[PDB]
Amino acid sequence: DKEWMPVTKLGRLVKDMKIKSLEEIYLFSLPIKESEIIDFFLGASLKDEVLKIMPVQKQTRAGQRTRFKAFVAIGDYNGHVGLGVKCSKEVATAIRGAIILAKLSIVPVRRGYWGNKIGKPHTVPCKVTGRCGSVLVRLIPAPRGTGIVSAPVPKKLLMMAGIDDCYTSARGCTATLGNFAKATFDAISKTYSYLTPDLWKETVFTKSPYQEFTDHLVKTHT
Amino acid sequence: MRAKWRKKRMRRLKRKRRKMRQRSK
Amino acid sequence: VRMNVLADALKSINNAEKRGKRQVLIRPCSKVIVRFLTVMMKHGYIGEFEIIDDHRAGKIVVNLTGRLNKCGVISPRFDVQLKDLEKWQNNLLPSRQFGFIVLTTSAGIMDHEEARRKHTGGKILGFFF
Amino acid sequence: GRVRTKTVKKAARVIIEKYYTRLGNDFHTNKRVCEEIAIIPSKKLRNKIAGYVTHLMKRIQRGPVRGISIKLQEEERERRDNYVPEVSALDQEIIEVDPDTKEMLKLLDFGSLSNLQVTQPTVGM
Amino acid sequence: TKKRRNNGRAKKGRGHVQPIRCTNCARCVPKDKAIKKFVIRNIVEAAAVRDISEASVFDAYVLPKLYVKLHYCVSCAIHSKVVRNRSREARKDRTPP
Amino acid sequence: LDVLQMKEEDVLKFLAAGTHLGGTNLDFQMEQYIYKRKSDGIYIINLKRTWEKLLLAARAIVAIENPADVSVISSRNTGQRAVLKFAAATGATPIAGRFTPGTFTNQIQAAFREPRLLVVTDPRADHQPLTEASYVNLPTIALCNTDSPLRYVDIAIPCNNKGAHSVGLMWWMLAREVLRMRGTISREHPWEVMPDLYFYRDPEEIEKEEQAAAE
Amino acid sequence: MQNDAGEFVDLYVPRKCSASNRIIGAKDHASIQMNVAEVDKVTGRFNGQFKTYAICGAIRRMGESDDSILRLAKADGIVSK
Amino acid sequence: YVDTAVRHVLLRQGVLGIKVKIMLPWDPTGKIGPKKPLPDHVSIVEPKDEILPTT
RNA sequence: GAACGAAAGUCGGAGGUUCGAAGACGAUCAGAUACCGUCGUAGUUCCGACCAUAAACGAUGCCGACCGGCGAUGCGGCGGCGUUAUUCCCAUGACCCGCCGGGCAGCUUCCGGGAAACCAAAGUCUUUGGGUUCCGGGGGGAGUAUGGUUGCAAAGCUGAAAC
Ligand SMILES: [Mg+2]
Ligand SMILES: [Mg+2]
Ligand SMILES: [Mg+2]
Ligand SMILES: [Mg+2]
Ligand SMILES: [Mg+2]
Ligand SMILES: [Mg+2]
Ligand SMILES: [Mg+2]
Ligand SMILES: [Mg+2]
Ligand SMILES: [Mg+2]
Ligand SMILES: [Mg+2]
Ligand SMILES: [Mg+2]
Ligand SMILES: [Mg+2]
Ligand SMILES: [Zn+2]
């Protein structure tokens, strides 16, 4: 029941109702600033879980000061998940900050097949990898109905990512979630970055939404 | 205690045990 | 000193792909290398290539595309029987649909997909995807 | 000891940003204008803010000040420039520069009007 | 870990550098590691040059200069106030003014 | 093309401003722009490939639809004078001097824009918009010298950024081509004022001295 | 990517770069889509018709984009002879 | 501006000192907060005047 | 399996400048045999042999390819009616500019690695395979004990177990 307070010109295009889907934003890789844009595009992406709230310390002159570091994994089950890290002096403040930063750092997930082209994809398109710290996480394609064979935290993450079937291989300190979950995030973010043998042709090069609806942005800016 | 002087005192103990073996062959 | 010239070629190919250059200078020339690049041309990952025929040993210049993620040479050239290629499928190729493995068969330099239809098998040079 | 606080200077900058036509060069007038256009509880704070407002007025009326720029100051920046003499836009029709650009004007088709003969040694750097 | 890329001295090509004795505490240090400078003074302090100039036989025809190779080591040079410590970004610097 | 070619008045203006001379240090991506070295360290920049990049920068600027989506930056005082009367003339939005990092990243400050094209003067003096370009996804046109880095740069124009006459001639002739592309000024029509506005003004010592001499 | 039924399965087909032929990622903020418009006849009138040159993040960071735009438009014939 | 209370709590470990200080909000009309404004809080007005110049 | 291998140490021949293990005193110290000072043996020198060890370091095996730039240095080669040296064409000399081959190097960098420091190698490593040699599997016990082997000896090499 609050005004969106229009800003950053991308949300102003959204409130002018000109970009129909978040797919058009990920075509052009435009930066996002506020968190309610994907809440406008997605009404069921509120499925999230806090992973670990661990305390970190700073040794001051007499006593150590504490602040809690919250990890929140959000995601809609169609293949759009996000990870949010936020350190703050209060519990619910750190949780809200990690939720907002996960809404900011949501990415799409590419879904492929095991080798039969039936429909409703369930797995990664190829064997991908992700590195954060020393944590190398490898995602391997799986047959239909295999499941997610991993630790519970990236099992929940890939369950939110729409990947019903995948194989995992982790090396390094798997015990630290702040590197292991981000390495899994890099591994699921490289899925579109992988060069694939079915995108040979030059793309259509559709117009920018700024060029398409410049005049609405002019009459809302002036 | 330095590793150098630990090695030299074990070396002196080695020389003492060698002289003990020469004393009772 | 100088050995595995197909690996010497594919290291320059790999570094040119990771740098983002257009064309590669490769100082050895083997008929192994020529048929290897012929298979890569036939599958379309690379482009036109010109072999400057020197009197001693020429130089291959391959016009790159930008497609090659990773290509390399398996070193000792293992002797591979059929009903054992699935180990190399699960070890080398990033998926079932993608990638190819170069099987040196008894009738020439062939492909992983070509070998199961020719029903010959043989050695493995490397892989490209 | 006039090294007054950032809150004092920032309040005076808000005053000179919002209201410029109301202010003059007189302290006794600007102090009274500030008590109509703002709410200041302390009389010493009134005097401090009005003194820095008079100092900003003496800076702005004499020269350009980076710290704030209203639309009237933008029009003054437009006004300061347009008086353009005609002395050194283009010289007389004899220009001598370089034998390298002489060779450039010989290769790429242009006039190559005047003569060019300048030789320098290799005592560069 | 490493504190310096040069590991203190400037030995990179060769393997052994001759030790040269220090001045204050007299310790043999290799010459690429020891603080090696060249002090150039007047032979008389400038507050006493004027007295010798007034009481000199010649009419200012002699002005000697004292040149000394000064050779400290880094263990006593910090105490001798030459080679004061710097920052991590400040260790990349050159000849001070 | 055939009408976008340089003319004798254009090469008279370029050789009178003296923009053909550049820096003493080379760059590995400025190799095809330079033609021949010269003695005493000065290196000669050509005019044809400079004019072609000027033409493409003019094409890219006229290719915009909103004039507010083009921002013009210069921090050095030889370009600060040119920016204010450049961007307020035809089609852009000016900013000069202290860039205040955070102009395009965070949104707590009212000095926040969303540009779709950027033209800067000196990369070495404006390295910070070159850094902040990646978070905004904007192209970059720069008036580069032979000793300037080319990171986050799309269109480079080889020139001399030290000479104020060169800087003013580049901004003036850039706007002069932009206006003829937009259709304000015809092709066979000279400009109404001599470009010293974009060059420079020495302040009121010799300015008022030359005024009192011209009384 | 298609199935055996022949449907368009993929959510979005990303932009392949016009310099290095690499797929621009979704979070790859260091990419750019340059826009340069066409030029008319002897009169020299501006056209609304434009062409798009995609430059990706590693090319933009290494600085290959400066030579890449000219060597890409040289095949078009719009930059030079 | 600040209501300050210092109290004791008697538990089995001994006495426990509690100090509660509360900064009151500025309420110019009402008995809830102080009517006097803060001396550091400088309150300016909005731009007031508008259109209709000469004729 | 073998040749050299710093310094110190051992066995012969010559002397003995300086320094100087030990040793002797004089000082500080509650306590000093140490740090400060004085004398001074072995040694520090050379010629014959032995010992084969170090933070013997770049704490980074050797050979071969690729993957940025810049300013420099040294060693050869090439070009430059450029500059200066003999008496004067003939030739090397010195400075200046640029290139080439391997070398000791330095600055920056998102090319990438790595935990980071940092590295054009410590990169081309889950997108994992150029050839080859030697070593590491928690810290101690312990580079110790017992064997074999070299040495005049000090010791060197190989080198476990219980707990
Ligand atoms: Mg010791
Ligand atoms: Mg230390
Ligand atoms: Mg050594
Ligand atoms: Mg109490
Ligand atoms: Mg010796
Ligand atoms: Mg004897
Ligand atoms: Mg003595
Ligand atoms: Mg003693
Ligand atoms: Mg003895
Ligand atoms: Mg050893
Ligand atoms: Mg070795
Ligand atoms: Mg030489
Ligand atoms: Zn000393």
# chains A, B, ... in the order shown; residues from 1 in each chain; ligands from 1
>>> residues_around(residues="residue 24 of chain E", least_positions_apart="2", cutoff="10 Å", atoms="only C-alpha atoms (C1' of nucleotides)", output="list in words")
residues 21, 22, 26, 27, 71, 72, 73, 75, 76, 77 and 80 of chain E
>>> write_last_selection(atoms="N, CA, C and O atoms", output="tab-separated table (two decimals), in the first residue's frame")
chain	number	residue	atom	x	y	z
E	21	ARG	N	82.90	-4.27	5.85
E	21	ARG	CA	82.64	-3.92	7.24
E	21	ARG	C	81.83	-2.63	7.36
E	21	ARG	O	81.90	-1.74	6.52
E	22	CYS	N	81.06	-2.55	8.44
E	22	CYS	CA	80.24	-1.39	8.73
E	22	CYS	C	81.09	-0.30	9.39
E	22	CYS	O	82.29	-0.45	9.60
E	26	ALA	N	80.49	-2.13	13.09
E	26	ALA	CA	81.57	-2.87	12.42
E	26	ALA	C	81.20	-4.34	12.19
E	26	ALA	O	81.83	-5.26	12.71
E	27	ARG	N	80.15	-4.54	11.40
E	27	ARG	CA	79.68	-5.86	11.02
E	27	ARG	C	79.87	-6.04	9.52
E	27	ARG	O	79.55	-5.13	8.74
E	71	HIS	N	79.48	3.96	5.07
E	71	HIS	CA	79.08	2.57	4.85
E	71	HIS	C	78.46	2.03	6.14
E	71	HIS	O	79.16	1.48	6.99
E	72	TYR	N	77.15	2.18	6.28
E	72	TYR	CA	76.41	1.66	7.41
E	72	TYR	C	75.82	0.30	7.08
E	72	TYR	O	75.77	-0.12	5.92
E	73	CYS	N	75.38	-0.40	8.12
E	73	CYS	CA	74.58	-1.60	7.97
E	73	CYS	C	73.17	-1.32	8.48
E	73	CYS	O	72.94	-0.40	9.27
E	75	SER	N	71.24	-2.86	10.49
E	75	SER	CA	70.89	-3.14	11.88
E	75	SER	C	71.09	-1.91	12.76
E	75	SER	O	70.36	-1.73	13.74
E	76	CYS	N	72.08	-1.08	12.44
E	76	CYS	CA	72.35	0.13	13.21
E	76	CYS	C	71.97	1.40	12.46
E	76	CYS	O	72.01	2.48	13.04
E	77	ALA	N	71.60	1.29	11.18
E	77	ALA	CA	71.26	2.47	10.39
E	77	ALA	C	69.92	3.07	10.80
E	77	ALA	O	69.75	4.30	10.73
E	80	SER	N	70.77	4.97	13.67
E	80	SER	CA	71.54	6.12	13.22
E	80	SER	C	70.73	7.09	12.38
E	80	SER	O	71.31	8.07	11.88
>>> select_by_dssp(residues="segment 14-184 of chain F", states="strand (DSSP E)", output="PyMOL selection string")
chain F and resi 34-37+43-45+70-74+93-96+117-120+140-142+155-156
>>> write_last_selection(atoms="N, CA, C and O atoms", output="compact mmCIF listing (two decimals), in the first residue's frame")
# COMPACT_ATOMS: atom_id res chain seq x y z
N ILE F 34 48.90 6.18 -36.27
CA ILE F 34 50.12 6.93 -36.54
C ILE F 34 50.65 6.52 -37.91
O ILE F 34 50.38 5.42 -38.41
N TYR F 35 51.37 7.43 -38.57
CA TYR F 35 51.97 7.15 -39.87
C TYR F 35 53.49 7.12 -39.81
O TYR F 35 54.11 6.12 -40.19
N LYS F 36 54.13 8.19 -39.34
CA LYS F 36 55.58 8.28 -39.38
C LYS F 36 56.07 9.07 -38.17
O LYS F 36 55.43 10.04 -37.75
N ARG F 37 57.20 8.64 -37.62
CA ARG F 37 57.85 9.37 -36.54
C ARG F 37 58.50 10.64 -37.07
O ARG F 37 58.61 10.88 -38.28
N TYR F 43 55.68 12.81 -32.46
CA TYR F 43 55.15 11.80 -33.37
C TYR F 43 53.93 12.36 -34.10
O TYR F 43 53.05 12.98 -33.49
N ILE F 44 53.87 12.12 -35.41
CA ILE F 44 52.91 12.75 -36.30
C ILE F 44 51.68 11.86 -36.42
O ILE F 44 51.78 10.70 -36.84
N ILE F 45 50.52 12.41 -36.07
CA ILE F 45 49.23 11.75 -36.25
C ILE F 45 48.64 12.22 -37.57
O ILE F 45 48.71 13.41 -37.91
N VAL F 70 22.96 11.76 -23.71
CA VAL F 70 24.36 11.96 -24.07
C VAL F 70 24.97 12.90 -23.04
O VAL F 70 24.48 14.02 -22.84
N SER F 71 26.02 12.44 -22.37
CA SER F 71 26.72 13.20 -21.35
C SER F 71 28.11 13.56 -21.85
O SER F 71 28.74 12.77 -22.56
N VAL F 72 28.58 14.75 -21.49
CA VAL F 72 29.86 15.27 -21.95
C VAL F 72 30.69 15.65 -20.72
O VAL F 72 30.26 16.47 -19.91
N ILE F 73 31.88 15.05 -20.61
CA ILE F 73 32.73 15.16 -19.43
C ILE F 73 34.10 15.68 -19.86
O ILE F 73 34.68 15.19 -20.83
N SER F 74 34.62 16.66 -19.12
CA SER F 74 36.04 17.00 -19.18
C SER F 74 36.45 17.57 -17.83
O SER F 74 35.74 18.40 -17.26
N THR F 93 24.18 16.87 -22.36
CA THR F 93 24.10 17.35 -21.00
C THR F 93 25.51 17.47 -20.42
O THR F 93 26.26 16.48 -20.43
N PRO F 94 25.90 18.64 -19.91
CA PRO F 94 27.30 18.84 -19.51
C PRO F 94 27.58 18.45 -18.07
O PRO F 94 26.72 18.50 -17.20
N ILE F 95 28.83 18.05 -17.83
CA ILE F 95 29.41 18.06 -16.49
C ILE F 95 30.92 18.26 -16.65
O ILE F 95 31.52 17.75 -17.59
N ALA F 96 31.52 19.06 -15.76
CA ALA F 96 32.92 19.43 -15.91
C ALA F 96 33.62 19.43 -14.56
O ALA F 96 33.02 19.71 -13.52
N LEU F 117 25.10 7.30 -24.13
CA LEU F 117 26.32 7.53 -24.88
C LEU F 117 27.16 8.54 -24.11
O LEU F 117 26.62 9.45 -23.48
N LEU F 118 28.47 8.37 -24.17
CA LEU F 118 29.38 9.21 -23.40
C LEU F 118 30.53 9.66 -24.27
O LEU F 118 31.16 8.85 -24.95
N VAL F 119 30.81 10.96 -24.25
CA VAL F 119 31.97 11.53 -24.93
C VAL F 119 32.81 12.25 -23.89
O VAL F 119 32.35 13.20 -23.26
N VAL F 120 34.05 11.79 -23.71
CA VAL F 120 34.97 12.38 -22.75
C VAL F 120 36.17 12.94 -23.51
O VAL F 120 36.40 12.62 -24.68
N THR F 140 31.57 4.64 -25.02
CA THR F 140 32.51 5.70 -24.69
C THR F 140 33.25 6.16 -25.93
O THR F 140 33.89 5.36 -26.61
N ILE F 141 33.15 7.46 -26.22
CA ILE F 141 33.95 8.12 -27.24
C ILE F 141 34.95 9.00 -26.52
O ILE F 141 34.59 9.70 -25.57
N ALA F 142 36.22 8.95 -26.93
CA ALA F 142 37.25 9.70 -26.23
C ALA F 142 38.21 10.34 -27.21
O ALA F 142 38.49 9.79 -28.28
N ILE F 155 35.10 4.22 -29.23
CA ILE F 155 35.55 5.05 -30.35
C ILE F 155 36.68 5.94 -29.86
O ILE F 155 36.49 6.74 -28.94
N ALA F 156 37.84 5.81 -30.48
CA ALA F 156 39.01 6.61 -30.15
C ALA F 156 39.37 7.50 -31.33
O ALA F 156 39.40 7.04 -32.48
>>> interface_residues(of="chain C", to="chain G", cutoff="9 Å", atoms="only C-alpha atoms", output="VMD selection string")
chain C and resid 20 to 22 65 to 67
>>> write_last_selection(atoms="N, CA and C atoms", output="mmCIF file, in the first residue's frame")
data_model
loop_
_atom_site.group_PDB
_atom_site.id
_atom_site.type_symbol
_atom_site.label_atom_id
_atom_site.label_comp_id
_atom_site.auth_asym_id
_atom_site.auth_seq_id
_atom_site.Cartn_x
_atom_site.Cartn_y
_atom_site.Cartn_z
ATOM 1 N N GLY C 20 41.199 -14.352 -27.694
ATOM 2 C CA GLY C 20 40.225 -13.758 -28.572
ATOM 3 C C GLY C 20 40.768 -13.303 -29.905
ATOM 4 N N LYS C 21 41.871 -13.880 -30.370
ATOM 5 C CA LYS C 21 42.471 -13.467 -31.626
ATOM 6 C C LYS C 21 41.700 -14.040 -32.811
ATOM 7 N N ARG C 22 42.148 -13.672 -34.009
ATOM 8 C CA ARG C 22 41.470 -14.075 -35.232
ATOM 9 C C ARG C 22 42.121 -15.285 -35.892
ATOM 10 N N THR C 65 36.827 -18.884 -35.457
ATOM 11 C CA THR C 65 35.451 -18.414 -35.403
ATOM 12 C C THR C 65 35.132 -17.729 -34.081
ATOM 13 N N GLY C 66 35.468 -18.371 -32.967
ATOM 14 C CA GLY C 66 35.135 -17.868 -31.652
ATOM 15 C C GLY C 66 34.326 -18.899 -30.899
ATOM 16 N N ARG C 67 34.163 -20.065 -31.522
ATOM 17 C CA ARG C 67 33.289 -21.101 -30.989
ATOM 18 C C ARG C 67 33.997 -22.006 -29.982
#
>>> residues_around(residues="segment 2-15 of chain B", least_positions_apart="6", cutoff="12 Å", atoms="only C-alpha atoms (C1' of nucleotides)", output="count of residues only")
10
>>> residues_around(residues="residue 48 of chain H", least_positions_apart="3", cutoff="10 Å", atoms="only C-alpha atoms (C1' of nucleotides)", output="number ranges by chain")
D: 18-19, 37; H: 45
>>> write_last_selection(atoms="C-alpha atoms", output="PDB file, in the first residue's frame")
ATOM      1  CA  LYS D  18      16.749  28.376  -2.675  1.00  0.00           C
ATOM      2  CA  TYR D  19      16.501  32.164  -2.251  1.00  0.00           C
ATOM      3  CA  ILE D  37      12.835  32.576   5.161  1.00  0.00           C
TER       4      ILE D  37
ATOM      5  CA  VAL H  45      11.080  26.958   4.149  1.00  0.00           C
TER       6      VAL H  45
END
>>> residues_around(residues="residue 66 of chain G", least_positions_apart="3", cutoff="9 Å", atoms="only C-alpha atoms (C1' of nucleotides)", output="ChimeraX atom specification")
/F:29,150,153-156 /G:60,63,69-71
>>> select_by_dssp(residues="chain G", states="helix (DSSP H, G or I)", output="compact mmCIF listing (two decimals) with N, CA, C and O atoms, in the first residue's frame")
# COMPACT_ATOMS: atom_id res chain seq x y z
N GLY G 57 32.40 -8.12 -22.80
CA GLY G 57 33.07 -7.55 -21.64
C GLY G 57 34.58 -7.67 -21.69
O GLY G 57 35.29 -6.72 -21.38
N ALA G 58 35.08 -8.85 -22.08
CA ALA G 58 36.53 -9.05 -22.13
C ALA G 58 37.16 -8.23 -23.25
O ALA G 58 38.27 -7.72 -23.08
N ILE G 59 36.47 -8.09 -24.38
CA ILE G 59 36.95 -7.23 -25.46
C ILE G 59 36.97 -5.77 -25.02
O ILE G 59 37.94 -5.05 -25.28
N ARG G 60 35.92 -5.34 -24.32
CA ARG G 60 35.87 -3.96 -23.83
C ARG G 60 36.93 -3.69 -22.77
O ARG G 60 37.48 -2.58 -22.71
N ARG G 61 37.26 -4.69 -21.95
CA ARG G 61 38.29 -4.50 -20.92
C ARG G 61 39.70 -4.55 -21.50
O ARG G 61 40.58 -3.82 -21.05
N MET G 62 39.93 -5.42 -22.49
CA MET G 62 41.26 -5.49 -23.10
C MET G 62 41.52 -4.31 -24.03
O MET G 62 42.68 -3.95 -24.26
N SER G 65 38.05 -3.33 -28.68
CA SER G 65 36.85 -2.75 -29.28
C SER G 65 37.16 -1.60 -30.23
O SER G 65 36.43 -1.40 -31.21
N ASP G 66 38.24 -0.85 -29.97
CA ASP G 66 38.61 0.29 -30.81
C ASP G 66 38.95 -0.14 -32.23
O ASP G 66 38.43 0.42 -33.20
N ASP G 67 39.81 -1.14 -32.37
CA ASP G 67 40.08 -1.71 -33.68
C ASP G 67 38.95 -2.60 -34.17
O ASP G 67 38.78 -2.76 -35.38
N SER G 68 38.16 -3.15 -33.25
CA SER G 68 37.12 -4.11 -33.62
C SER G 68 35.94 -3.44 -34.31
O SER G 68 35.39 -4.02 -35.25
N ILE G 69 35.56 -2.24 -33.87
CA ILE G 69 34.47 -1.52 -34.52
C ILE G 69 34.84 -1.13 -35.95
O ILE G 69 34.04 -1.30 -36.88
N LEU G 70 36.08 -0.68 -36.16
CA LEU G 70 36.48 -0.29 -37.51
C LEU G 70 36.68 -1.51 -38.41
O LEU G 70 36.28 -1.49 -39.58
N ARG G 71 37.26 -2.59 -37.88
CA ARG G 71 37.42 -3.81 -38.67
C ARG G 71 36.11 -4.56 -38.87
O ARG G 71 36.05 -5.45 -39.72
N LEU G 72 35.07 -4.24 -38.09
CA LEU G 72 33.75 -4.81 -38.32
C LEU G 72 32.96 -4.00 -39.34
O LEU G 72 32.27 -4.56 -40.19
N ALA G 73 33.06 -2.67 -39.26
CA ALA G 73 32.38 -1.81 -40.22
C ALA G 73 33.11 -1.71 -41.55
O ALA G 73 32.53 -1.20 -42.52
N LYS G 74 34.36 -2.17 -41.63
CA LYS G 74 35.06 -2.22 -42.91
C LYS G 74 34.46 -3.27 -43.83
O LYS G 74 34.44 -3.08 -45.05
N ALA G 75 33.95 -4.37 -43.27
CA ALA G 75 33.22 -5.34 -44.07
C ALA G 75 31.86 -4.79 -44.51
O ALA G 75 31.34 -5.20 -45.55
N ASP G 76 31.30 -3.86 -43.74
CA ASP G 76 30.07 -3.20 -44.16
C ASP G 76 30.35 -2.17 -45.26
O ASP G 76 29.52 -2.00 -46.16
